[PDB]
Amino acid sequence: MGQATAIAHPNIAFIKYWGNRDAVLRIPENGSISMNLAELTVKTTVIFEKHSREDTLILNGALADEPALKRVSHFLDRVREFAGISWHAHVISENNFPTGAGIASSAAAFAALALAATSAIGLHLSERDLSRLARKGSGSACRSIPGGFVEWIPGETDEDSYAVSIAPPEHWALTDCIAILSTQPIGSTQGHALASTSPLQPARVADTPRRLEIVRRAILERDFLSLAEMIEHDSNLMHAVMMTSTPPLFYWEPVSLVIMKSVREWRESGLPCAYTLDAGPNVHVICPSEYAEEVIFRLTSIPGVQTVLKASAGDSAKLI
């Protein structure tokens, strides 16, 4: 009755999404900018079938838990509403993420699902509409629909909240050296909802355009130092909000702190690199790709760093 397969990459936010204006629609409180990660992929096949009563979900070869299925089912309901078709679908998804490494899959997964599910049900959405749809699966998924360096235009409405590519992957050879911590959280959905308990979240949110403008310009101009200092600042602002929520969300591990301090010292001593952390203790170390081997060496030397994943700028979600 209709089938398609799409791949999408996770992304690393240079300017973080944290907090929703609308939790249901995943309209964020602030805009965000990320880079897709080429070497990590979710591949998702959607198969719409005649009179399948309910949707099904398999994840990396295994029956998905009911939470995951429900979430994917509600998402497909949106694809059904948008398409006025009623078919239920079998969803098969796999990713190549290193096991236990704590790399969040939701952005890649809902980007791939948005593209596979709409293509399977016969639609031909623009990138913008795919981003808007993916967004409602998981906010950051909207940024994995476009390619390369991506900005989520936060908006106030479902139509207005979507992501676009600032620059293609080939515009700037940046590498994300992801320090995976051996010892290793509260999910994004709960965390976003808790942001409003932090006294500092409104101020963080209100300041986001300043930060976005710097990062956007830095990407366009390939100004690594400006990017570096702002991504650390923006990471720290998000974590500041997290840590001052009620209950506090302390995603950092002790080694996360060692890495953050080490990266700053490395940069200040001549090695261009910068850190950023999502809702977890892994440290993404962004650097011009020519420095990645040196960064990885230094990260690998830090006690407590299990392994370092090397990712370059990835393309948009694609059908295969």
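Note that residue numbering follows the sequence shown and begins at 1.
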How many missing residues of the deposited sequence lie between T189 and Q190 in the entry, grouped as none, 1 to 3, 4 to 9, or 10 or more? none
Averaging CA B factors per stretch from the PDB record, which one is higher: 81-89 or 217-225? 81-89
Read off the CA B-factors in the entry, average them over 170-178 and over 94-102, and name the higher stretch. 94-102
Between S119, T208, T246, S140, which one tops the list for Cα B-factor in this entry? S119
From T56, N282, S34, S289, residue of greatest CA B-factor: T56
Among the chain's modelled residues, which third holds the C-alpha B-factor of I296? middle
Divide the modelled residues of the chain into thirds by Cα B-factor and specify which third, lowest, middle or highest, holds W252. lowest
Third of chain Cα B-factors occupied by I231: lowest
Ranking every modelled residue in this chain by its Cα temperature factor as given in the entry, which third contains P185? highest
Give the position of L277 by CA B-factor within its chain, expressed as the lowest, middle or highest third. lowest
